[PDB]
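Trainee: Take this structure, written in structure tokens, and hold onto it; I'll ask about it next.
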Amino acid sequence: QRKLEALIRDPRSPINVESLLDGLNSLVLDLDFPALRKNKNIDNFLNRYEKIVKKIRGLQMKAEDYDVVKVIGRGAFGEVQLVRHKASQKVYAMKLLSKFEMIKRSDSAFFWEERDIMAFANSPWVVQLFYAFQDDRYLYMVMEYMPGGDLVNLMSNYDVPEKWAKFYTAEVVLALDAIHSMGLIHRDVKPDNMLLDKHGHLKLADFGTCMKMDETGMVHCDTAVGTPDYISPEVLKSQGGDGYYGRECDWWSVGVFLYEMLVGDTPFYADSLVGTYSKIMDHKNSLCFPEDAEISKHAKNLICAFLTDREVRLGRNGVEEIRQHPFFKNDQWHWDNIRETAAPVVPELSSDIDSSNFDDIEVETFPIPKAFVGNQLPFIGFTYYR
Ligand SMILES: Cc1[nH]ncc1-c1cc2nc([C@@H]3CC4CCN3CC4)[nH]c(=O)c2s1
Numbered sequence: 027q028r029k030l031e032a033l034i035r036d037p038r039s040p041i042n043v044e045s046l047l048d049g050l051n052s053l054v055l056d057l058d059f060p061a062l063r064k065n066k067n068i069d070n071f072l073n074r075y076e077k078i079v080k081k082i083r084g085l086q087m088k089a090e091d092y093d094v095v096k097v098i099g100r101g102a103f104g105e106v107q108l109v110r111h112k113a114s115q116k117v118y119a120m121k122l123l124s125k126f127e128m129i130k131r132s133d134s135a136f137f138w139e140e141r142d143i144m145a146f147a148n149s150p151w152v153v154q155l156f157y158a159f160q161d162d163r164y165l166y167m168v169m170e171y172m173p174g175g176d177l178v179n180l181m182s183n184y185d186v187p188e189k190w191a192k193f194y195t196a197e198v199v200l201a202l203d204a205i206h207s208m209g210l211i212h213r214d215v216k217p218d219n220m221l222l223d224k225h226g227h228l229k230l231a232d233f234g235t236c237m238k239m240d241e242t243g244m245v246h247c248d249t250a251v252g253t254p255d256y257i258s259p260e261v262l263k264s265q266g267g268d269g270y271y272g273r274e275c276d277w278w279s280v281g282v283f284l285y286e287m288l289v290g291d292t293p294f295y296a297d298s299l300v301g302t303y304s305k306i307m308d309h310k311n312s313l314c315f316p317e318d319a320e321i322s323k324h325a326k327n328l329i330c331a332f333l334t335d336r337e338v339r340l341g342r343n344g345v346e347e348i349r350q351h352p353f354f355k356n357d358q359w360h361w362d363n364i365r366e367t368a369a370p371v372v373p374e375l376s377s378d379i380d381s382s383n384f385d386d387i388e394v395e396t397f398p399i400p401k402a403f404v405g406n407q408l409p410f411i412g413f414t415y416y417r
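Going by the authors' numbering, the letters in the sequence shown line up with residues 27 to 388, 394 to 417, in that order.
Structure, rendered in structure tokens:
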């Protein structure tokens, strides 16, 4: 029964006090309705607990605790805010996830791996989570602000030379190796998930697609997940079923990245989704480089070494194959020390709320239930404090 005490005390454990308090709060939120209270059992419970549950919710970190400096991006499940915490006066990036949209889309699991990784990864390659908290309508993740913007915005503001791509590719490679070392494969690696810190250096940021590996480093996934341009043939095929693949599905995503960075378009671009999907399946035929956009044989070799079948893909035998590829040989940095060299683009920040490397941006609650629907159950255990 001291064994029990350990589980509760561990912030990594799904039955820690904050997750047990989520448990009581979500039960009271999903029972307290006129209809359900006709049930004695439910009235007896809500009479006993409802009052103290409100008192507790009082102390819980709220949205109003933060000033919203401005919006730096909008997802399908809601927006990411540059915010300043009122009390501490510290600046964060806060991601909102609409519980209504996640419930409605039958999509209320993706965030667990994302929270786990940002909360506990403790890597200089992984954007860091300080606070997860929820209210009746929203999930909140309060992360460190990455004021350098994403690479999608860098690549569209600069002609990127090989010397830059070497750097940015190496940092992505080390970042994924970090993610892999935590027993996770990422699956949706792309420039939108690659963020630049105050010093111009890279950090992975979106993790909704990440999956625990077997004891044998494989996964059984029968869902084709991640964004179409950057998805691997093996992951696309695995929608047809009997999906069984390892982390080499991420080295594909890097090859695609490297191609886009040097060529100027994705290598399997098409007008439709199903067009891009068709091209990717046919990658032995479909991949080729424009008769102009010039690329050193080393760069072109690495790309094609990455954009092959899983069985012969660079990084199957491990990440050191990648590291000692001719393309990466350079005078600026070694792999031991890259993240303390000078980045190709060091951002010009004016203040702690400068969001100039982010483009500008510019009503749907739940209905009262008939009987128990359990709308808050999918988010028991989210709440996290550092
Ligand atoms: C932590 C941090 N510091 N500075 C910026 C950021 C982040 C910004 C961001 N943006 C998104 C958005 C939502 C959808 C639409 C486009 N992006 C992908 C999905 N997702 C994310 O995880 C993150 S982290």
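Quick reminder that beta carbons are idealized off the backbone N, C-alpha and C, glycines included.
1) Thinking C-alpha only, which one of 240, 87, 302 and 27 is nearest residue 390?
2) Counting C-beta neighbours from all protein chains within 10 Å, is the total for residue 235 16 or more, i.e. buried, or is it exposed?
3) So, using beta-carbon positions, are residue 157 and residue 416 closer together than 8 angstroms?
4) Round the Cβ separation of residue 276 and residue 212 to the nearest angstrom and send it over; I've been treating them as touching at under 8 angstroms.
5) Can you give the Cα-Cα distance for residue 285 and residue 339, rounded to whole angstroms?
6) Using C-beta distances below 8 angstroms, list every residue in its chain close to residue 299, excluding the 5 sequence neighbours before and after it, in chain order.
7) Taking a contact to mean a Cβ-Cβ separation below 8 angstroms, would you say residue 239 touches residue 270 in this structure?
8) Would you call the segment 142 to 155 and the segment 176 to 186 in contact, with 3 or more CB pairs under 8 angstroms?
9) Does the beta-carbon of residue 101, which I'm using as the reference point, lie nearer than 7 angstroms to any heavy atom of ligand 1?
10) Do three or more CB pairs link the segment 305 to 317 to the segment 376 to 387 at distances below 8 angstroms?
11) Determine the direct distance from the alpha carbon of residue 166 to that of residue 399, and round the result to whole angstroms.
12) Residue 125 and residue 164 - do their beta-carbons sit closer together than 8 angstroms?
13) Under 7 angstroms from any heavy atom of ligand 1, does the C-beta of residue 171 make it?
14) Got a sec, what are the start and stop residues for the beta strand (DSSP E) residue 92 sits in?
15) Under the rule that 16 or more other beta-carbon atoms within 10 Å means buried, what is residue 334, buried or exposed?
16) For residue 229, which beta-bridge partners are listed by DSSP?
17) Using only alpha-carbon positions, find the residue among 188, 220 and 43 that is nearest to residue 279.
18) Given this structure, state the Cα-to-Cα distance separating residue 187 from residue 329, to the nearest angstrom.
19) Applying the 10 Å Cβ sphere with the 16-neighbour rule, what's the burial state of residue 216?
20) I want to know whether the segment 313 to 320 touches the segment 226 to 234 - three or more CB-CB distances under 8 angstroms.
21) Buried or exposed for residue 195, going by 16 or more other Cβ atoms inside 10 Å?
22) Can you check whether the CB of residue 104 is closer than 8 angstroms to the CB of residue 123?
23) Suppose the cutoff is 8 angstroms on Cβ atoms and the five residues either side in sequence are ignored; what does the same chain contact list for residue 155 look like?
24) Quick check: what's the CA-CA separation for residue 386 versus residue 100?
25) Can you give the Cα-Cα distance for residue 369 and residue 200, rounded to whole angstroms?
26) Do the CB positions of residue 336 and residue 274 come within less than 8 angstroms of each other?
Mentor: This is what the structure holds:
1) Because residue 390 lies between 388 and 394, and the chain jumps straight from the first to the second, it has no atoms in this structure.
2) The residue given as residue 235 occupies position 209 in the sequence shown. Result: buried.
3) Along the sequence shown, read from residue 1 onward, the residue named residue 157 stands at position 131. Along the sequence shown, read from residue 1 onward, the residue named residue 416 stands at position 385. Against a cut-off of 8 angstroms, the Cβ pair of residue 416 and residue 157 comes out as a contact.
4) Taking the first residue of the sequence shown as 1, we reach residue 276 at position 250. Taking the first residue of the sequence shown as 1, we reach residue 212 at position 186. About 5 angstroms; that satisfies the 8 angstroms criterion.
5) Your numbering for residue 285 matches position 259 in the sequence shown. Your numbering for residue 339 matches position 313 in the sequence shown. Straight-line Cα distance between these residues: approximately 15 angstroms.
6) Indexing the sequence shown from 1 puts residue 299 at position 273. Taken in chain order, the residues that qualify are 254.
7) The sequence position of residue 239 within the sequence shown is 213, counting from 1. The sequence position of residue 270 within the sequence shown is 244, counting from 1. Contact: no.
8) Contact fails: fewer than three Cβ-Cβ distances are below 8 angstroms.
9) Here the question's residue 101 lines up with position 75 in the sequence shown. Inclusion of residue 101 in the 7 angstroms shell around ligand 1 follows from its C-beta lying nearer than that to a non-hydrogen atom of the ligand.
10) In short, these stretches do not touch, since the Cβ pair count stays below three.
11) By one-based count along the sequence shown, residue 399 stands at place 368. By one-based count along the sequence shown, residue 166 stands at place 140. Taking the straight line from one Cα to the other gives about 23 angstroms.
12) Counting from 1 along the sequence shown, the entry for residue 164 is found at position 138. Counting from 1 along the sequence shown, the entry for residue 125 is found at position 99. Cβ atoms of residue 164 and residue 125: closer than 8 angstroms.
13) Your numbering for residue 171 matches position 145 in the sequence shown. Yes.
14) To locate residue 92, count along the sequence shown from 1; it is residue 66. Element bounds for residue 92: 92 to 100.
15) In the sequence shown, the residue the question calls residue 334 occupies position 308. Buried is the call here.
16) On the sequence shown, residue 229 is found 203 positions in, with the first residue counted as 1. Residue pairing by DSSP places residue 229 opposite 221 in a beta bridge.
17) Position 253 of the sequence shown, counted from the first residue, corresponds to residue 279. Taking the Cα of residue 279 as reference, the smallest distance to any Cα among 188, 220 and 43 is reached at 220.
18) The count along the sequence shown starts at 1 and reaches residue 187 at position 161. The count along the sequence shown starts at 1 and reaches residue 329 at position 303. When only Cα atoms are considered, residue 187 and residue 329 end up about 15 angstroms apart.
19) Numbered from 1 along the sequence shown, position 190 holds the residue referred to as residue 216. When all chains shown are included, residue 216 counts as buried.
20) No contact exists between the segment 313 to 320 and the segment 226 to 234.
21) Looking up residue 195 in the sequence shown gives position 169. Result: buried.
22) Against the sequence shown, residue 123 aligns to sequence position 97. Against the sequence shown, residue 104 aligns to sequence position 78. It is a contact, given that the beta carbons lie within the stated cut-off.
23) For the purposes of this step, residue 155 is identified with residue 129 of the sequence shown, where counting begins at 1. The residues are 141, 144, 145, 167, 168, 169, 415 and 417.
24) In the sequence shown, the residue the question calls residue 386 occupies position 360. In the sequence shown, the residue the question calls residue 100 occupies position 74. For residue 386 and residue 100, the distance between alpha carbons rounds to 10 angstroms.
25) On the sequence shown, position 343 is the one that residue 369 refers to. On the sequence shown, position 174 is the one that residue 200 refers to. If I take the Cα positions, the gap works out to 15 angstroms.
26) In the sequence shown, residue 336 corresponds to position 310, counting from 1. In the sequence shown, residue 274 corresponds to position 248, counting from 1. Their beta carbons are under 8 angstroms apart, which means residue 336 touches residue 274 by this criterion.
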